[PDB]
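Presented below, as structure tokens, is a lone chain in the form deposited in one PDB entry.
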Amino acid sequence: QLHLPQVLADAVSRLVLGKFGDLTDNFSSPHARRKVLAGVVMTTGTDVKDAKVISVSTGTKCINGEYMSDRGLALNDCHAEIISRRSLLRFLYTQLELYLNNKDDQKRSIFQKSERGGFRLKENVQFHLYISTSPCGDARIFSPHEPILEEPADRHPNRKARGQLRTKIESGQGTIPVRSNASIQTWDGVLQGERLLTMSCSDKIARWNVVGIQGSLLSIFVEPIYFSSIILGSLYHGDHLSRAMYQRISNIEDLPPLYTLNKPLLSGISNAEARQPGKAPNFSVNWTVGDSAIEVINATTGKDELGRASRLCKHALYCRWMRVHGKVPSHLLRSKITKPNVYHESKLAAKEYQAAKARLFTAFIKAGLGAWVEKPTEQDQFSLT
């Protein structure tokens, strides 16, 4: 019943692991098998009773080059924390839908009207990201073991490798830097046997710490949302994590209004999780609050065991978003969208968000940390049917 850093940390770890318990027949389910667990916990006050597990996810793999969807039906990245953020997106959509059904529901929604336009978060609402381990890339690649109590020092802080943007690589292990002669990925190229690169999770969370967690489409509706804390259940290295999360791009400049370099609370837990026994599960469990049960997606194909699209895929989210745009008057829009059709275009409508993202990419380039690796354009070139 407190709001100290460590008490908070242990609290959200406890809550997420517990909720995952409730969602998997108390860890008996075959879908309880996991290597990395992640989740998001909301707080609406300094008391732990005012804390609510929003989303829970597992997974350690990414889609194969073969199975990319030009329709956006696949999950490109099923590393636990990424999936957690996507589930959080679903929750946000649920809350916007809450605000827009009847005036009676508004008092129970986490959103309210914004004197700058569109919607914003009610005071004292905070989100907290939990990961059972350090996010792949800069935050963990150096020292993938627990820290030792005598020498927590990097011992080689000023190396070029430090802070560098790195990518998950298809069919290979370790998270590798970006190529100096990195011919940007092509759709037909990747489908023709080329190796798919995906930005590491450290890099992605830094990105979230600049452009927000809501992504481009929700910035049409809502003001930027940031994580107030990042809790690691194991492999917590303060200096490395702090570097990866924000510190390495302190040199960033000229951010659009309401956009800051978020520096969330970083904290491990008192009792670190031991490495989960057995093979690393082929799949990725997800769950958002207000759902009947978990959803199991095959991480290699980005779909479930029967080829059905996930509720977290680009398409589904776009459908939710479209259904929110229908119910929102143009004078409550932060950005002008008027008549939306294509995914990529609707993303580009969030001009401020896109400018912030540009500032991020430039921030990384100037520090000598590399150029961000985008999916081929064809990925976001689709509409609903």
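Between two forms, the rigid core is defined as the largest C-alpha subset superposing within 1.5 Å. Note that residue numbering begins at 1 and tracks the sequence as displayed.
| field | Residue stretch of maximal mean CA temperature factor, 30 to 38 vs 327 to 335 | value | Per the PDB record, 327 to 335.
| task | May I ask you to compare 156 to 164 and 183 to 191 by their mean CA B factor in the entry and name the higher one? | result | Here the higher of the two C-alpha B-factor means belongs to 183 to 191.
| Can you tell me which of 74, 82, 169, 272 has the highest Cα temperature factor in the record? | Comparing C-alpha B-factors across 74, 82, 169, 272, the maximum falls on 272.
| message | Comparing recorded Cα B-factors across 263, 86, 113, 207, which one is largest? | response | Comparing C-alpha B-factors across 263, 86, 113, 207, the maximum falls on 113.
| query | What third of the chain, by the recorded C-alpha B-factor, contains residue 365? | reply | For residue 365, the deposited C-alpha B-factor lands in the middle third.
| request: State the tercile, meaning the lowest, middle or highest third, of residue 93 with respect to the CA B-factors recorded for its chain. | output: Its C-alpha B-factor, which the entry lists for residue 93, ranks in the middle third among residues of this chain.
| message | Going by the CA temperature factor in the PDB record, which third of the chain does residue 251 belong to: lowest, middle or highest? | response | Middle third.
| task | Could you say whether, by C-alpha temperature factor, residue 267 belongs to the lowest, middle or highest third of its chain? | result | Its C-alpha B-factor belongs to the middle third of this chain's values.
| In terms of the CA temperature factor given in the entry, to which third of its chain does residue 53 belong: lowest, middle or highest? | It belongs to the middle third of the chain when residues are ordered by C-alpha B-factor.
The form deposited in another entry is left out here; the points below concern that form.
| request: Please name the single residue among 275, 113, 308, 263 whose Cα shifts by at least 2 Å between this form and the one not shown after core superposition. | output: The listed residue whose C-alpha shifts by at least 2 Å is 275.
| field | Core-superposed C-alpha of residue 292 shifting 2 Å or more between this form and the one not shown | value | The answer is no, as the C-alpha of residue 292 shifts between this form and the one not shown by less than 2 Å after core alignment.
| said: If the two forms are fitted on the core, does residue 238 show a Cα displacement reaching 2 angstroms between this form and the one not shown? | reply: Residue 238: C-alpha displaced by less than 2 Å between this form and the one not shown.
| Comparing between this form and the one not shown on the rigid core: C-alpha of residue 94 shifted by 2 Å or more? | The answer is no, as the C-alpha of residue 94 shifts between this form and the one not shown by less than 2 Å after core alignment.
| query | Did residue 276 and residue 52 drift closer or farther in the other entry, going by a CA distance change of 3 angstroms or more? | reply | It is farther: the C-alpha separation of residue 276 and residue 52 rises by at least 3 Å in the other entry.
| said: If the C-alpha spacing of residue 28 and residue 278 moves by 3 Å or more in the other entry, is that a move closer or farther apart? | reply: It is farther: the C-alpha separation of residue 28 and residue 278 rises by at least 3 Å in the other entry.
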